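Two forms, one chain: they're shown below as structure tokens, one block per form, named structure 1 and structure 2.
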Structure 1
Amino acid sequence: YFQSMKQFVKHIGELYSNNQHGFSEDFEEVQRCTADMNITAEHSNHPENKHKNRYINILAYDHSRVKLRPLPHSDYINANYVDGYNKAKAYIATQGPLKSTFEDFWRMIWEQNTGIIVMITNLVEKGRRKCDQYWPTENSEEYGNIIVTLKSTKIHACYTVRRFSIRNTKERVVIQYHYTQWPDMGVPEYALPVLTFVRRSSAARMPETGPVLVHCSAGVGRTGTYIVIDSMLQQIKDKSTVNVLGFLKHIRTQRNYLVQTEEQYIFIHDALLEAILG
């Protein structure tokens, strides 16, 4: 209803009050929940899989990890299923792929029936490598049994959309929504561009398709921020009634560190407030 929307908007101001005391309290709770819960990630730590992780301390929880079909530890990718508002396994949250995991990455896309990739990092930021370029600059590239062809590109102010066709050589359209303006440090000054990106990339999800693949560099901070904004917008649209903190605690059981920073937690609320007022 209008009334629960009114209470949420008021709750946002509450969190902001007293030098953001409520936001800090909320996020400290989130971090403590993560610290206290024991969630295994044995596969991520297996010696054979160590080179498949971009970061030694960003793992894939066992219970929610995406499994690749075994090949004649070939089942491992640093990726997890993550819920959306009502829908189980609405997303696959994953790291920016490495050259050594490009074949695995595209095979996962294929096997999962994924039609949309959401990328929320530049390849290099402030001279530091954040992600390897897992797609062809032009024409086609073969990544094991998957051939990926770049059909077309549209470069907007804050995001780029690349339309691919992929084919398993042992054809499907896959669209990449690539946000290109996230700052080197902190969060975006203005939420509106991110809101537009979330709305357009989320609207691209078609019926009877697999999870939307979301990644940044580690696949935790910006990735989690996207998933929470998208999911809470969908909840507001359908139900009203938002529960950002409970949703975040829940997804944090599915992939380590989703929404990594308090600044991101606050940004989520800025973005939802802008959506509500717009």
Structure 2
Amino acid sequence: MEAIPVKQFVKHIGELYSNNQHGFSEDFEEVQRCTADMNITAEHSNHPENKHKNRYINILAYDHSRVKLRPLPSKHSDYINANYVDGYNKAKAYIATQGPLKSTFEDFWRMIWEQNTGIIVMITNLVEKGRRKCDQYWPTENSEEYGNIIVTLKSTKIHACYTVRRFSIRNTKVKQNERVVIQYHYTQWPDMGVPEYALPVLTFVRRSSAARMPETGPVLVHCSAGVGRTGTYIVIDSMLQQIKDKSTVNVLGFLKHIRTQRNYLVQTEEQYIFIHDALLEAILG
């Protein structure tokens, strides 16, 4: 189970799809079992003092890979539900994290400053099908203050399927010192069912990924829980890098791997199939 030449990957997709996606089903179940003989601790996520900091009681941040906040003059001011995740070759190329709650906007922006993140990839809407997915952690307009980071919205471009917001943030307890942070926000979400046509996404991935500057902190990627759509993004992004580099693909292997770094990355078979549709589009296009 290693890399597949890009020229036979497309053929492979045919096989995975046939007989009602039986092959896709076997792959993803392998992925879900891939953790089986594996205990990964998330004690910090389960600590009573950190509970109100998790959006979902079941969606945790593995200890070994968790992003640590600089502790504050309490014992658990270091905790945020987030994990470093690997990209193509490069270790810790992403921070995959949940959609921020009101009570964690400070942690969220502190992490971004502390990690020197320059790009945010947002893969949810605040509200979807009437349900709360994510609290708005940025200024509707002008500036807003979170802890010692105050964020200023500088410009916005709204496309068919996503929006790009350029922020300038300054730390007040520095010097102040300022950074640009660019948010890529995918906004095109189904009233009924789930996303299906992968081409607009491929474009989103291509443009947000190309926005990464040398040599900066990891790209922050979040949806709501920070595992499903977030994992889909990371795999599509990484595999496109691999294709450019070596003209080979390894979805099943890379995914089993990043699954050790954050629980449930790529959460459903449908998302798993979607990754393949995205990459098929890139290859044929």
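Residues that one form lacks are left out of the comparison. Here, residue number means position along structure 1's sequence, counting from 1. Basically, rigid core = biggest C-alpha set you can superpose within 1.5 Å across the two forms.
After superposition on the rigid core, the C-alpha displacement between the two structures reaches 2 Å or more for just one residue among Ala88, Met185, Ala157, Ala203, namely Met185. The Cα shift for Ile56 between the two structures, taken after rigid core superposition, is smaller than 2 angstroms.
With the core held fixed, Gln235 shows a CA shift below 2 Å between the two structures. With the core superposed, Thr34 shows a C-alpha displacement of at least 2 Å between the two structures. The two forms, fitted on their core, place the C-alpha of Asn18 1.3 Å apart, compared between the two structures.
Its Cα shifted by 0.1 Å between the two structures, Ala218 is reported here after superposition on the rigid core. Segments displaced between the two structures are 34-36, 182-187 (runs of at least 3 consecutive residues, each Cα moved 2 Å or more after rigid core superposition).
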